[PDB]
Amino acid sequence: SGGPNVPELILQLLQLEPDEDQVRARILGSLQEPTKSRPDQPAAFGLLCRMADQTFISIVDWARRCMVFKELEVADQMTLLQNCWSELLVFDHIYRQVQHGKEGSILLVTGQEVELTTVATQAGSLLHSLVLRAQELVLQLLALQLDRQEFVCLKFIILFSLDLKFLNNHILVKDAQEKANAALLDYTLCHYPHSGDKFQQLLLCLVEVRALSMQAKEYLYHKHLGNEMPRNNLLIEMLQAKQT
């Protein structure tokens, strides 16, 4: 539903969520900048790479303002982000599709629509499968009636979805995870009138998001091995980070 009794963490997360129009304008302006266009590639490719990069910039900016995360040192933050970057980006795309859903197309962060036929005829089988599976996930989330509260809560959960042994500040992160799960469970139990464990189902959705993220990493890696990615690409730097 809406919210008479929403967990404090979820409310604070709602207040920590950036404005869509501002981010859109910022990324657009960041794309408007001149660039050394490669003659052996469609410029749209580089523009989309830069787009994803800027999206991740905004995501990082969102992370920096988050509770618990801002109480962490640089190392832990870098580890977490290097662990959940693709997941955060993918989930961002997915929820962007959920919030503004036209089944015949996908909506980019810039605001431009891309029909599924275009993807089906112009993209490779891998990216096609990625978009299709992501759209299936979008359909599932729409079926579960996902709201903004559960969205930001799930983002926060994703941000700290990592084994504790790779982090220096153990107890704090543990508290963050437990509090996050407790918040999600509380909200879902207090607001979902339908049947089924919405909490567990959302966790499954998170698993699917993770696998999808793995596939995305695989795609970016394929582009990387073919020297198709622009130099100093942020996502490639995140991909080349030491895995935890």
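One rule holds for the numbers: they count along the sequence shown, beginning at 1.
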Higher-scoring stretch by recorded Cα B factor average, 43 to 51 or 193 to 201: 193 to 201
Comparing 221 to 229 with 20 to 28, the higher average Cα temperature factor in the PDB entry belongs to 20 to 28
According to the deposited entry, which of 138, 157, 164, 107 has the largest Cα B-factor? 164
Give the position of residue 129 by CA B-factor within its chain, expressed as the lowest, middle or highest third. middle
Entry-reported C-alpha B-factor of residue 173 relative to its chain, by third, is highest
Could you say whether, by C-alpha temperature factor, residue 144 belongs to the lowest, middle or highest third of its chain? lowest
Relative to the other modelled residues of the same chain, rank the CA B-factor of residue 68 and answer lowest, middle or highest third. highest
Where does the C-alpha B-factor of residue 35 rank in its chain, lowest, middle or highest third? highest
